[PDB]
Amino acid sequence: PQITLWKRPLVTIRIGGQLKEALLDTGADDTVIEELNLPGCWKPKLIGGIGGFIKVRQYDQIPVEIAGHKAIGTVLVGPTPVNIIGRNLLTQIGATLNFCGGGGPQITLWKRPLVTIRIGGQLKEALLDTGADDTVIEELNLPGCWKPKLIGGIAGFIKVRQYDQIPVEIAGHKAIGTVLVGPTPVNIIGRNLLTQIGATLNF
């Protein structure tokens, strides 16, 4: 299908014979599911995101049906806030990111979807993250007024400064909206700005 980003891109998946809800997440390298039992052996791993790391169980070669499309690959199981389908499985089902509903660039998900943005008169690299509600940019001395906010990622919450009505040009496409500034490991463009540029998931 084609999926717009005004709402979280939640879909039903089937895994181990059970149905679950999960977020299609272009900003995730891997697929991470809440605690459950899976057939087969697993091994311990750590994965990270905002706020640091969690311990997970890695299962390899697990069949997963994602909105009716078949994948077989690695599933990490542990205390993730949200079930997420990451690039390891999105690539198996042929998912791409498309600007302006496919009139604009197509971004495949073989590697992290990093693009150039312009914000506050600076050029920066940022990850297009369909699993992010909001846009989070690394500490940057923006002039002007802000309000405090906390935002939560795989390893916890971080404190950020919320700035409103900030222009952000994304690969040449002009957007304007709320930007959160704080200590993220990667600059993140979230749905609040992806929607303004007509970005869709397609598979």
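In case it trips you up, residue 1 is the first one in the sequence shown, and so on.
(request) Return whichever of 144-152 and 35-43 has the greater mean Cα B factor according to the PDB record. (result) Here the higher of the two C-alpha B-factor means belongs to 35-43.
(message) Splitting the chain's C-alpha B-factors into thirds, which one does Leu19 fall into?
(response) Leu19: CA B-factor falls in the highest third of its chain.
(message) Per the entry's values, where does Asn83 land by CA temperature factor relative to the rest of its chain, in the lowest, middle or highest third?
(response) Lowest third of the chain for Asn83's C-alpha B-factor.
(request) Just say lowest, middle or highest third for the CA B-factor of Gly68 relative to the other modelled residues in its chain. (result) Highest third of the chain for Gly68's C-alpha B-factor.
(request) Relative to the other modelled residues of the same chain, rank the CA B-factor of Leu127 and answer lowest, middle or highest third. (result) Middle third.
(request) Using the B-factor values recorded in the entry, state whether the Cα atom of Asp30 falls in the lowest, middle or highest third among the modelled residues of its chain. (result) Tercile = lowest for this residue's CA B-factor.
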